[PDB]
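File shown: structure_24.txt (compact mmCIF, C-alpha atoms).
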# COMPACT_ATOMS: atom_id res chain seq x y z
CA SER W 1 0.00 0.00 0.00
CA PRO W 2 1.64 3.29 -1.10
CA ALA W 3 1.98 6.49 1.02
CA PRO W 4 -1.08 8.77 0.54
CA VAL W 5 -0.74 11.84 -1.75
CA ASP W 6 -0.68 15.05 0.37
CA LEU W 7 -3.22 17.49 -1.23
CA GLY W 8 -2.11 20.26 1.16
CA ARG W 9 -4.21 23.43 0.85
CA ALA W 10 -5.91 21.99 -2.34
CA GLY W 11 -7.64 19.57 0.10
CA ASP W 12 -9.59 22.62 1.51
CA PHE W 13 -11.68 22.40 -1.75
CA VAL W 14 -14.09 19.88 -3.25
CA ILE W 15 -13.64 21.54 -6.69
CA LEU W 16 -10.54 23.51 -7.70
CA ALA W 17 -9.96 24.49 -11.36
CA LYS W 18 -7.45 26.75 -13.10
CA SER W 19 -9.69 27.66 -16.13
CA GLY W 20 -13.27 27.61 -14.78
CA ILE W 21 -16.21 25.67 -13.36
CA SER W 22 -19.55 25.50 -15.23
CA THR W 23 -22.88 24.06 -14.04
CA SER W 24 -26.32 23.46 -15.40
CA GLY W 25 -29.20 21.40 -13.97
CA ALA W 26 -29.72 20.39 -10.29
CA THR W 27 -26.04 20.26 -9.22
CA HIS W 28 -25.21 19.67 -5.50
CA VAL W 29 -21.67 20.43 -4.20
CA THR W 30 -20.91 19.91 -0.46
CA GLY W 31 -17.69 21.82 0.15
CA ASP W 32 -15.86 24.88 -1.14
CA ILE W 33 -15.05 25.50 -4.82
CA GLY W 34 -12.36 27.72 -6.31
CA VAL W 35 -11.06 29.03 -9.65
CA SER W 36 -7.54 30.46 -10.09
CA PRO W 37 -5.84 32.04 -11.93
CA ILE W 38 -9.01 32.66 -14.01
CA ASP W 39 -11.27 35.45 -12.62
CA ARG W 40 -14.89 35.16 -11.39
CA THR W 41 -16.28 35.11 -15.03
CA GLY W 42 -14.75 31.56 -15.14
CA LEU W 43 -17.63 30.50 -12.80
CA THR W 44 -20.62 29.92 -15.12
CA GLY W 45 -24.24 28.97 -14.33
CA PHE W 46 -23.88 29.41 -10.51
CA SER W 47 -26.10 32.57 -10.14
CA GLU W 48 -23.72 33.41 -7.23
CA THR W 49 -24.13 36.34 -4.82
CA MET W 50 -21.04 38.09 -3.43
CA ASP W 51 -20.60 38.16 0.35
CA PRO W 52 -20.44 41.85 1.51
CA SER W 53 -16.71 41.21 2.29
CA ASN W 54 -16.24 40.46 -1.49
CA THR W 55 -13.96 37.54 -0.38
CA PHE W 56 -16.41 34.81 -1.47
CA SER W 57 -19.80 34.13 -3.04
CA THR W 58 -22.66 31.69 -2.37
CA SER W 59 -24.89 29.69 -4.78
CA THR W 60 -27.90 27.34 -4.67
CA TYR W 61 -25.53 24.74 -6.28
CA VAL W 62 -22.96 24.93 -3.38
CA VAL W 63 -24.85 23.58 -0.32
CA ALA W 64 -24.41 25.68 2.86
CA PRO W 65 -21.95 26.39 4.37
CA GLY W 66 -19.94 25.79 1.13
CA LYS W 67 -18.52 28.94 -0.55
CA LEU W 68 -17.16 29.94 -3.97
CA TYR W 69 -13.71 31.60 -4.35
CA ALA W 70 -12.26 33.27 -7.51
CA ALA W 71 -8.79 34.78 -8.18
CA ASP W 72 -10.19 38.38 -8.52
CA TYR W 73 -12.13 38.34 -5.20
CA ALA W 74 -10.99 40.56 -2.27
CA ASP W 75 -7.83 39.75 -0.22
CA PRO W 76 -7.06 37.26 1.16
CA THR W 77 -8.87 35.08 -1.44
CA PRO W 78 -6.36 35.47 -4.33
CA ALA W 79 -3.46 34.31 -2.04
CA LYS W 80 -5.60 31.40 -0.66
CA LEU W 81 -6.26 30.18 -4.26
CA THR W 82 -2.64 30.70 -5.44
CA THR W 83 -1.48 28.48 -2.52
CA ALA W 84 -4.19 25.84 -3.14
CA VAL W 85 -3.45 25.66 -6.92
CA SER W 86 0.32 25.24 -6.15
CA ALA W 87 -0.67 22.36 -3.78
CA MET W 88 -2.83 20.71 -6.51
CA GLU W 89 0.09 20.84 -8.97
CA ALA W 90 2.51 19.37 -6.33
CA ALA W 91 -0.07 16.60 -5.60
CA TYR W 92 -0.51 15.88 -9.33
CA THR W 93 3.29 15.60 -9.74
CA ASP W 94 3.69 13.41 -6.58
CA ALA W 95 0.91 10.97 -7.69
CA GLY W 96 2.29 10.73 -11.30
CA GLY W 97 5.92 10.24 -10.01
CA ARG W 98 5.33 7.17 -7.75
CA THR W 99 7.17 3.95 -8.75
CA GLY W 100 5.92 0.36 -8.14
CA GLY W 101 3.04 0.76 -10.66
CA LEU W 102 1.03 -2.42 -11.55
CA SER W 103 -0.41 -3.21 -15.02
CA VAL W 104 -4.15 -3.99 -15.02
CA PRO W 105 -5.33 -6.55 -17.59
CA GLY W 106 -7.39 -5.19 -20.52
CA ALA W 107 -4.90 -2.83 -22.25
CA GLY W 108 -6.72 0.33 -21.03
CA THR W 109 -10.14 -1.28 -20.39
CA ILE W 110 -11.08 -2.36 -16.81
CA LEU W 111 -12.51 -5.83 -17.58
CA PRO W 112 -15.77 -7.12 -16.01
CA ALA W 113 -15.83 -8.10 -12.29
CA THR W 114 -12.37 -6.59 -11.51
CA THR W 115 -11.44 -6.04 -7.84
CA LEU W 116 -8.22 -4.07 -7.15
CA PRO W 117 -6.42 -4.17 -3.80
CA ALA W 118 -4.40 -1.19 -2.44
CA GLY W 119 -1.55 -0.25 -4.81
CA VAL W 120 -0.17 2.01 -7.57
CA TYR W 121 -1.82 1.21 -10.98
CA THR W 122 -0.28 2.58 -14.15
CA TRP W 123 -1.41 3.00 -17.80
CA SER W 124 0.50 4.70 -20.69
CA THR W 125 -2.92 4.79 -22.48
CA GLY W 126 -6.25 6.17 -21.36
CA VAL W 127 -8.59 4.03 -19.19
CA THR W 128 -12.25 3.16 -19.79
CA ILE W 129 -14.44 1.64 -17.00
CA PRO W 130 -17.38 0.31 -18.99
CA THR W 131 -18.90 -1.91 -16.25
CA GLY W 132 -17.42 -0.21 -13.12
CA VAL W 133 -14.74 -1.47 -10.73
CA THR W 134 -14.38 -2.59 -7.10
CA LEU W 135 -11.63 -1.39 -4.76
CA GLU W 136 -11.16 -3.71 -1.71
CA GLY W 137 -8.97 -2.84 1.28
CA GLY W 138 -8.86 -1.42 4.78
CA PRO W 139 -9.45 2.09 6.14
CA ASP W 140 -5.70 3.11 5.75
CA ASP W 141 -5.18 1.43 2.33
CA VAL W 142 -4.25 3.78 -0.57
CA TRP W 143 -4.94 3.56 -4.35
CA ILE W 144 -2.95 5.69 -6.79
CA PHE W 145 -4.12 5.48 -10.43
CA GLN W 146 -1.55 6.87 -12.93
CA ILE W 147 -3.33 7.42 -16.27
CA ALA W 148 -1.33 9.03 -19.11
CA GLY W 149 -4.47 9.42 -21.34
CA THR W 150 -8.24 10.05 -20.80
CA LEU W 151 -10.38 8.51 -18.01
CA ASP W 152 -14.05 7.54 -18.66
CA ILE W 153 -16.57 5.66 -16.53
CA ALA W 154 -19.65 4.56 -18.49
CA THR W 155 -23.25 5.70 -17.95
CA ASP W 156 -24.78 4.30 -14.70
CA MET W 157 -21.54 2.40 -13.74
CA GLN W 158 -19.93 2.59 -10.26
CA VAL W 159 -16.63 2.57 -8.37
CA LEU W 160 -17.67 0.23 -5.45
CA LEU W 161 -15.64 0.21 -2.15
CA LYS W 162 -15.29 -2.90 0.05
CA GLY W 163 -13.38 -3.72 3.24
CA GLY W 164 -13.19 -0.18 4.75
CA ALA W 165 -11.58 1.48 1.63
CA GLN W 166 -12.12 5.27 2.03
CA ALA W 167 -12.55 7.93 -0.73
CA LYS W 168 -9.93 10.24 0.95
CA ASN W 169 -7.30 7.46 0.30
CA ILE W 170 -8.00 7.14 -3.47
CA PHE W 171 -6.07 9.31 -5.99
CA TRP W 172 -6.64 9.44 -9.80
CA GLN W 173 -3.74 11.18 -11.64
CA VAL W 174 -5.04 11.71 -15.21
CA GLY W 175 -3.03 13.31 -18.08
CA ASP W 176 -6.04 13.96 -20.44
CA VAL W 177 -9.82 14.66 -20.19
CA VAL W 178 -11.83 12.90 -17.43
CA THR W 179 -15.48 12.09 -18.26
CA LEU W 180 -17.81 10.79 -15.52
CA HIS W 181 -20.81 9.75 -17.66
CA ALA W 182 -24.50 10.25 -16.80
CA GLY W 183 -25.63 8.42 -13.63
CA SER W 184 -22.07 7.05 -12.89
CA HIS W 185 -20.74 7.00 -9.29
CA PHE W 186 -17.06 7.71 -8.50
CA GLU W 187 -14.82 7.66 -5.39
CA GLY W 188 -11.63 9.60 -4.62
CA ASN W 189 -9.54 12.60 -5.57
CA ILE W 190 -9.28 13.29 -9.33
CA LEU W 191 -6.01 15.16 -10.10
CA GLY W 192 -6.79 16.06 -13.71
CA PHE W 193 -4.22 17.69 -16.01
CA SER W 194 -7.07 18.71 -18.36
CA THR W 195 -10.91 18.92 -18.35
CA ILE W 196 -12.98 17.12 -15.69
CA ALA W 197 -16.56 16.70 -17.01
CA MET W 198 -19.51 15.17 -15.12
CA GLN W 199 -22.86 14.42 -16.81
CA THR W 200 -26.47 14.28 -15.61
CA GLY W 201 -26.94 12.50 -12.29
CA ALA W 202 -23.24 11.51 -12.06
CA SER W 203 -21.92 11.57 -8.45
CA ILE W 204 -18.54 11.48 -6.71
CA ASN W 205 -17.51 11.17 -3.07
CA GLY W 206 -14.19 13.02 -3.27
CA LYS W 207 -12.63 15.99 -5.08
CA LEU W 208 -12.32 17.39 -8.62
CA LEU W 209 -8.87 19.07 -8.89
CA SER W 210 -8.36 20.25 -12.51
CA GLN W 211 -5.43 22.11 -14.10
CA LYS W 212 -7.94 23.24 -16.80
CA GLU W 213 -11.78 23.50 -16.46
CA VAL W 214 -14.54 21.51 -14.72
CA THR W 215 -18.01 21.08 -16.34
CA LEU W 216 -21.04 19.78 -14.37
CA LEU W 217 -24.52 18.74 -15.60
CA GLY W 218 -26.90 18.07 -12.67
CA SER W 219 -24.00 16.38 -10.82
CA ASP W 220 -23.33 15.61 -7.12
CA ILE W 221 -19.80 16.33 -5.74
CA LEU W 222 -19.86 15.34 -2.08
CA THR W 223 -17.21 15.76 0.67
CA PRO W 224 -17.11 12.32 2.40
Output the file's structure as structure tokens, nothing else.
Amino acid sequence: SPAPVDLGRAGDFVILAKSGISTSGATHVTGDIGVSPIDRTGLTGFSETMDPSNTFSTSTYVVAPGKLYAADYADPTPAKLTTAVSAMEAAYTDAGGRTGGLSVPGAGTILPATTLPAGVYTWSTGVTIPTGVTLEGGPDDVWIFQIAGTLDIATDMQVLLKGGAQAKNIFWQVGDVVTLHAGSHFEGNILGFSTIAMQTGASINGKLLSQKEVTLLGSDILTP
């Protein structure tokens, strides 16, 4: 079981994106979201209202007491986001740099009825999860997924946890676009180099931590 990835100040967020977060439909986020270095116009569809301090905003889509932060909000918000984004990049680099990676059968497809124990799992391709996957281990076990290409989980398919496996101990390092298809359910911390997209009724217990933009359609992003 590898050492966990330290998210540092990026772990203060449920969604953190460098180039924007968009939402439509009945989205539910439990936790704080942030965009930096893009300004507040990088938040789209939130109908957000500034706090009188101008340091944060609130939205129907970010369940109380969750707040929105943007790089052009009042001090000390720009510094907070600069620090968090630097932590996300360090986390991304740490996760992608681990050795001891295992090959998973299926040449970039997770085959039916696959159960993965704690470990580092490595692909030089993208990964597709067309029928979901099970992660089995204890409460301190760690999963680091190292994906050079895209990551997709198919419509209505699930990451299932057994044994005490916890979302906070699961890390997805992904070099290309992440797509969590309609009605899918995900677990863990997605350290995306590019877009992270969730579709209608998709859910995650964990974090979306993008070095580009996040797009949400009626999605649930829940702090465990």
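Rounded to one decimal, CA of residue 177 in chain W and CA of residue 196 in chain W lie 6.0 Å from each other.
Neighbours of residue 166 in chain W closer than or equal to 8 Å, with all atoms listed in the file counted and sequence neighbours fewer than 3 positions away skipped, come out as residues 138, 139, 140, 141, 161, 169, 170 and 188 of chain W.
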Keeping C-alpha atoms, export the residues of the selection given above as a PDB file, keeping the file's coordinate frame.
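The resulting file, part20.pdb, is reproduced below:
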ATOM      1  CA  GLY W 138      -8.860  -1.420   4.780  1.00  0.00           C
ATOM      2  CA  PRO W 139      -9.450   2.090   6.140  1.00  0.00           C
ATOM      3  CA  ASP W 140      -5.700   3.110   5.750  1.00  0.00           C
ATOM      4  CA  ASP W 141      -5.180   1.430   2.330  1.00  0.00           C
ATOM      5  CA  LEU W 161     -15.640   0.210  -2.150  1.00  0.00           C
ATOM      6  CA  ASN W 169      -7.300   7.460   0.300  1.00  0.00           C
ATOM      7  CA  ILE W 170      -8.000   7.140  -3.470  1.00  0.00           C
ATOM      8  CA  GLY W 188     -11.630   9.600  -4.620  1.00  0.00           C
TER       9      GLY W 188
END
Please report the interatomic distance between CA of residue 127 in chain W and CA of residue 171 in chain W in Å with one decimal. 14.4 Å
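For the atom pair formed by CA of residue 108 in chain W and CA of residue 144 in chain W, the distance is 15.7 Å, given to one decimal.
Distances from W:38, W:10, W:107, W:62 to residue 85 in chain W were compared using only C-alpha atoms, and the smallest one belongs to W:10.
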